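The structure appears right after this line, and notes come after that.
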Amino acid sequence: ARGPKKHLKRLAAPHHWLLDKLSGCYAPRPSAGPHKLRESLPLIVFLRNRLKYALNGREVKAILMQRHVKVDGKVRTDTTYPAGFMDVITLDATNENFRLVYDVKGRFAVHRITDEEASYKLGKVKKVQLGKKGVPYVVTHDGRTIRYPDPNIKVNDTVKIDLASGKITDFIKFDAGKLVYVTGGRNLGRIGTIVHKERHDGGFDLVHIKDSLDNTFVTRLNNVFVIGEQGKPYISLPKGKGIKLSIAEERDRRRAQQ
Amino acid sequence: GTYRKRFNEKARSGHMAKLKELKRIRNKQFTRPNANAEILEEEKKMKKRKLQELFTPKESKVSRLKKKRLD
Amino acid sequence: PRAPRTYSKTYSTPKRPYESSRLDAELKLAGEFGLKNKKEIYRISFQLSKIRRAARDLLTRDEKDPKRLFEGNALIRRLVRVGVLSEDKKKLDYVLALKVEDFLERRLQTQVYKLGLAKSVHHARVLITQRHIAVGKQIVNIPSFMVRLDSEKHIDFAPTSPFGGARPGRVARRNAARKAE
Amino acid sequence: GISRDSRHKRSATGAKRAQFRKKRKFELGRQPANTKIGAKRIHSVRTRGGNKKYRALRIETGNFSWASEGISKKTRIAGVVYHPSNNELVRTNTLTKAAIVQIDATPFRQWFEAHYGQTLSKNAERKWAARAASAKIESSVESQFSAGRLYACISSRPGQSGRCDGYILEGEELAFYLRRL
RNA sequence: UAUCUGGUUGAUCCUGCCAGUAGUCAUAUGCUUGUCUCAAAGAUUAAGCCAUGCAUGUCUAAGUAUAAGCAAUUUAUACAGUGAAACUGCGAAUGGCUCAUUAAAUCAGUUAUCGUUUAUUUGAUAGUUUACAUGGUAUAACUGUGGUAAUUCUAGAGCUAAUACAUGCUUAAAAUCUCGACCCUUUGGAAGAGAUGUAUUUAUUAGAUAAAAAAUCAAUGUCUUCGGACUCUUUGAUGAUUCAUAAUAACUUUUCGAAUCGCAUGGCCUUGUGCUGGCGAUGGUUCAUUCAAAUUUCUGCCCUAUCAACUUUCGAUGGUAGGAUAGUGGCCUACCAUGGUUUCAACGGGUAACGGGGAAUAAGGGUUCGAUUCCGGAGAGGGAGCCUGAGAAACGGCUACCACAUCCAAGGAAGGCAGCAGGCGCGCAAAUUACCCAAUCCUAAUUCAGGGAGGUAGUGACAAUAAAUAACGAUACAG
RNA sequence: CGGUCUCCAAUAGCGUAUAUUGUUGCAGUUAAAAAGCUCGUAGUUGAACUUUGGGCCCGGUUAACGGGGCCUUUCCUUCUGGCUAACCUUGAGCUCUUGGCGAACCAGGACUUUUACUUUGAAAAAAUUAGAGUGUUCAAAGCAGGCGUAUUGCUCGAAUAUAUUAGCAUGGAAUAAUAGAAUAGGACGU
Ligand SMILES: [Mg+2]
Ligand SMILES: [Mg+2]
Ligand SMILES: [Mg+2]
Ligand SMILES: [Mg+2]
Ligand SMILES: [Mg+2]
Ligand SMILES: [Mg+2]
Ligand SMILES: [Mg+2]
Ligand SMILES: [Mg+2]
Ligand SMILES: [Mg+2]
Ligand SMILES: [Mg+2]
Ligand SMILES: [Mg+2]
Ligand SMILES: [Mg+2]
Ligand SMILES: [Mg+2]
Ligand SMILES: [Mg+2]
Ligand SMILES: [Mg+2]
Ligand SMILES: [Mg+2]
Ligand SMILES: [Mg+2]
Ligand SMILES: [Mg+2]
Ligand SMILES: [Mg+2]
Ligand SMILES: [Mg+2]
Ligand SMILES: [Mg+2]
Ligand SMILES: [Mg+2]
Ligand SMILES: [Mg+2]
Ligand SMILES: [Mg+2]
Ligand SMILES: [Mg+2]
Ligand SMILES: [Mg+2]
Ligand SMILES: [Mg+2]
């Protein structure tokens, strides 16, 4: 190609969006934004294929141009705006606030939250560095740069960002015993507690995570997101609480509730 | 596939030229203007010589036998 | 272009179609079940072979294997639901003991015959293809329709059918009109 | 015409590579800019991205830094005396990085006169006396100051930034280059 | 092969043998061809040649309308509704098609950028720069005068705009560093005059630390109880850096630091068209993020040894310096050495070789296919070279040459269907030059316009699923 | 001379033509194939031996089976830092509490024979394949759907496995290699 691509085939789209393979030939290409293309949910999919509020792309555009959707407290009018992990989506006219959190299956789940919970979000500290004029700043996972961070904040820590003012309220250090959320790999969407962090200089660090059921799994550090201390998450969790459950029991409880 | 016969070698003379050069370098072991300008005999000789050397039909079976029998 | 839509063949030609004993076997199956052609028999045989090969592969696995337990249980549930496999025989070994006749009986044609709605298997076929038979509240016109245990008790003449309480068909009212005239 | 692509070269084993693709814009190269002493001529070059490069076709002044005293002054360039890569640049007086050049000595001499009050108001006397300990300098530099032309090395790339900045040779640098001269 | 049939003589058995009977897939072809769902369309190794039509344009309240445009109007004597044309901004580098070249090349997996560019999105980020607001150093559209046989050809003259082009100020305090009039000879002091944001270039400095105590030389600062004393003294990140950042001195045909636009009319009063002030759009330096790009580390390709030595004169291996590059790098230049690969198959040759995800077969090992719905690479008849732009070595952009080939008044002009249809390549053959942007998503100044991308339907049984052509009786005849 | 039939096969499908090597695991006296003989480089292959045995403890499976700890001459070493167990003791009732000593564990710096092989984990896009649920009228399929309903509405899913080699992390120490102390230029030290 002689330049950046602008089209996305449905088969090539991220699997977790759950798009019909025969509905059309192309899928919404997320525009540039806070989150990466493969780890983002465009607003069109959320409003049409998840909430079912709109029946087609044009109706989604009509909703957006009416300025009823807010992302992180800001109005967005792009159909393919890349909303992502820990993103707050507010619909005032319908009066709901949603937090984009993966389910156990590995898919963004429609999780409704209260207003007081919608007032803040969490961000994994991807980078800390001194800017121009000797002003420290922190870059989070969603591309937010916050100046004058607390000196104790380091990489791999989590910062509680208030949406209205965009300032850090609290933070969590990355240490053993902390509650973590998996954001990648086939363990995507699971929740557990840190046990040990294995370090390899010049390589990818590995973290051992133990679930509430005592099952243990190892994951690369890049896919780990600290969300609080054990038993005290700073955000409301989706149904299932990030516990992976086998297939036989899946049959079992589906029958039981049925 | 590099030197395979083409349907119309005359339509792609320049291409064939490259092949010859490549051969001359690949088999050397065995042997041993600015168009973007505001204003734009030997060149005609170059055309003639290059096109002639590029295209010379390989002598045929019957020509082989005729030469041997003449000798 | 649009993504492909998958397709598959539902029948396979036999290893030796020319065995005399075989030919007699399809003669039996077609004659007793009123099958139009041999392709129906081959289709049922192919489905049965797939089922029993899966059962054999599951048996090869060690007992208590999670894959074995899950998939064998699913297969037994499906076979019980369609009715080929009786309730008291819920083990993978008896699945290997199934036969083509078991599936053939569950066909809507044969069930219609047994229930007494038709006097011949061919009468059942013509009744089904003519939109006179309804399972539950819905009309089925396909002789190859497979009946479930729950569906078995709901087979009846369709509401729209003249035999099911609707008005007489075209021939009857035509004859009545000419007689009146 | 100029390209930086590596495919046209032979492989490490010596094989002659085949021609993978036509030349791409993102391995281009441009004609060298042989900077020469004279009245300033610079022309801009639009490069990859929105960035711009400066081409010094002619330049006769440059900002040279005397490192020992940590000072820097603008000075006219006299001429190129020695170049390590090739002597033809010395012959043609072409300005490039690492070329040894001669520069005028006046502005540095004025600065040293004023700062130390020595030759190569009470406030002035106080400052000169306070700095008197550092007055002594290398003999080699002082001899050139007497001559009026100082040896310097260009530390900028005139063909890229459009500047001919540099620094005055000292110590082992000056001794080695004097030996080569 | 298996099974089954037949022959092996005067006959019948038992062997053995022989012939025929297996299979899907693939190519071509023949006959038939009622219904429902579903879906495909290559092939002369000819990436051979194409008539005709279309396939890329785009405007919101928010850049520029005295169209001598339309329609409303005294809701305006600066404009304001809508708005052709043109300028301006963006896109056209996406998509679609084909597999010609290509044998460690592409490609798959897995690495790196402490080796570099990055329009746009997202978040931060700039009191240090006539102003109740500067010019034609200026033009289109437009008015008018014309040339040519001919084209998306254009000449002269007259006009007028900007978020075009080019210029240019106006805004706190403090601190620090220089140069320093003068007083006075001190342990000196000092009016004043300067400089400091950012961008580029160069030179130098800081960016500490495995842990504890002393004596002097020089400069020289706080303090007391005039004796001597002097504590808590500032430094982030990485496995690692000359990293981030900061500081000093200069440098620049040298940048940036808002002369822009929509809607609305709030608050102070000394009552002035005084001062102040709301919600947005568009721009702008740098950093980060995102979409990307470039190069790159390890392993992995079919046949060929009757291809055994190859590369190095004209870069082959490596060092030094420079040039160029967005940047590393023999990528190129100059000077140096003689290096580099190889029977663990280099080098050369063949390939009807784009690679892979996959497809078929098989009990397993294997064998073969993979132009073809997705990913990645290359191309637009063949070579060569380029403007623009963040992004092209672009071809539905430009320029040469080669081969073809259209118009012509013979002076000249215009070409690229391996895009969607539709033709030639034969004298023997095969989908409609159909409809639509309603869904998918893409482009724009942008909800609205555009999209042969895509969808709808039509058209040789491609490949697949279901499935009609009769059911129930009586009578008659015949063995 | 004149005059103007029966059966078999498939079935909305059917026919015709061409085409369609042994690693596991081949053979080499008499019916393919052992080179006239020896030497010999590459390549392939290559005798044995180094911690075995014994005695206890813990907790797991269905008396067998494996998983860990100690002891047996068997512990990697050194330094720094963090926390602190146990052990001594005072005092108040096995638990708190005073003051010492601080093992183990954790973290980092220093110290270091290298592979082959194998276990397990991450990674291998989607589509495809296998495969779970789902009355598309059945089916091929698709990822849909399901349940109530005067009125408002509630609700389950879109599972799971596979993928060679190479790279990464990890437990093993059987097998096959690799280095060490020999002119001691060897090891350790309060
Ligand atoms: Mg790293
Ligand atoms: Mg009816
Ligand atoms: Mg026909
Ligand atoms: Mg018919
Ligand atoms: Mg009909
Ligand atoms: Mg323009
Ligand atoms: Mg080819
Ligand atoms: Mg070759
Ligand atoms: Mg490679
Ligand atoms: Mg844009
Ligand atoms: Mg911005
Ligand atoms: Mg004019
Ligand atoms: Mg260099
Ligand atoms: Mg050279
Ligand atoms: Mg192939
Ligand atoms: Mg392919
Ligand atoms: Mg191209
Ligand atoms: Mg062509
Ligand atoms: Mg081109
Ligand atoms: Mg074209
Ligand atoms: Mg194109
Ligand atoms: Mg076409
Ligand atoms: Mg088409
Ligand atoms: Mg605008
Ligand atoms: Mg040997
Ligand atoms: Mg041995
Ligand atoms: Mg592996």
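Computed quantities for the displayed model
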| quantity | calculated |
| --- | --- |
| Taking A:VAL182, A:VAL110 and counting other C-beta atoms within 10 Å, the order from fewest to most | A:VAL110, A:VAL182 |
| Rh (Kirkwood; distinct C-alpha pairs) - segment A:174-244, Å | 12.1 |
| 0 to 90° range, to nearest 10: angle between helix C:170-180 axis and chain C longest Cα axis | 10 |
| Longest site-free stretch - chain C; sites: chymotrypsin sites (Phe, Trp or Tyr not before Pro), DSSP loop, at most 11 other Cβ within 10 Å | C:19-181 |
| Cross-link table B:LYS5/B:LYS47; A:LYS5/A:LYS154; D:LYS23/D:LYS53; A:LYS121/A:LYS178; C:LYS36/C:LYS90, entries beyond 29 Å C-alpha to C-alpha | A:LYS5/A:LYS154; C:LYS36/C:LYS90 |
| When the convex hull of its Cα atoms is projected in every direction, mean area for the protein assembly as shown (nm²) | 70.6 |
| Exceeding the 31 Å Cα-Cα cut-off - candidates A:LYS124/A:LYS244; A:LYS232/C:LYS64; B:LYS20/D:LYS25; A:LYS210/C:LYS64 | A:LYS232/C:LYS64 |
| Span per principal axis, largest first, for the Cα atoms of segment C:121-172 (Å) | 35, 22, 13 |
| Tail fraction, Cα-Cα pairs, segment D:34-181, threshold 20 Å, whole percent | 52 |
| Estimated Rh, chain A: Kirkwood, alpha-carbon pairs, angstrom | 19.8 |
| Phi to ³J(HN,Hα) by Karplus 6.51 cos²θ - 1.76 cosθ + 1.60 over segment A:222-238, Hz, x for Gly, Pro | 5, 9, 9, 9, 5, 10, x, 8, 4, x, 9, x, 7, 10, 6, 8, x |
| Phi to ³J(HN,Hα) by Karplus 6.51 cos²θ - 1.76 cosθ + 1.60 over segment A:188-204, Hz, x for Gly, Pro | 4, x, 6, 10, x, 10, 5, 10, 8, 10, 8, 10, 9, 4, x, x, 8 |
| Cβ-defined net charge surrounding D:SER44, 11 Å radius [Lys, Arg +1; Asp, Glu -1] | +4 |
| Per-selection Kirkwood Rh - segment A:121-171 (Cα, Å, 1 d.p.) | 10.7 |
| In order through segment D:96-113: 3J(HN,Hα) via Karplus (6.51 cos²θ - 1.76 cosθ + 1.60), integer Hz, x for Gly, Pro | 9, 4, 6, 6, 7, 9, 10, 10, 5, 10, 5, x, 4, 5, 4, 4, 5, 4 |
| Estimated [θ] at 222 nm from DSSP helical runs (n ≥ 4, -39500 (n - 2.57)) normalised by residues in chain B, nearest 500 | -17000 deg cm²/dmol |
| Net dipole in debye of the protein assembly as shown [+1 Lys, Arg Cβ; -1 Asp, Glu Cβ; about Cα centre; nearest 20] | 4920 |
| Segment A:138-181 and segment D:106-181: distance between their alpha carbon centers, rounded to Å | 53 |
| Alpha carbon centroid spacing (whole Å) that separates segment A:1-49 from segment A:51-73 | 17 |
| Dimensions in Å of chain C - Rg and Dmax from alpha carbons | 20.8, 79 |
| Dipole in debye (nearest 20) - chain D, about Cα centre, beta carbon charges: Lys, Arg +1; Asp, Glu -1 | 1920 |
| Amide hydrogen neighbours beyond the local backbone of A:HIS141, cut-off 5 Å, H modeled | A:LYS124, A:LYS126 |
| Student exercise, segment C:17-181 dipole from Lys, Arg, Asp, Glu Cβ charges, in Debye to nearest 20 | 740 |
| For A:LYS178, residues with placed amide H under 5 Å, excluding near neighbours | A:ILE194 |
| Under-5 Å amide H pairs with D:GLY166, H placed in peptide plane, nonlocal only | D:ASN63, D:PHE64, D:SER65, D:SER155 |
| Expected-Rg normalisation [2.2 N^0.38 Å, Cα atoms] applied to segment D:106-148 | 1.20 |
| Unit charges at the beta carbon, dipole of segment C:1-147: most positive-side option, C:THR129, C:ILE51, C:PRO17 | C:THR129 |
| Positive-pole candidate from A:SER165, A:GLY131, A:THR145, dipole of segment A:121-171, charges at beta carbon | A:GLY131 |
| Extension gain (nm, one decimal) between A:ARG29 and A:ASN95, 0.36 nm per residue minus Cα-Cα | 20.9 nm |
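Rule-based calculations on the coordinates, nothing more; no lab input. Heads up, the Cβs are rebuilt from the backbone with ideal geometry, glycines too, and the neighbour counts pull from every protein chain shown.
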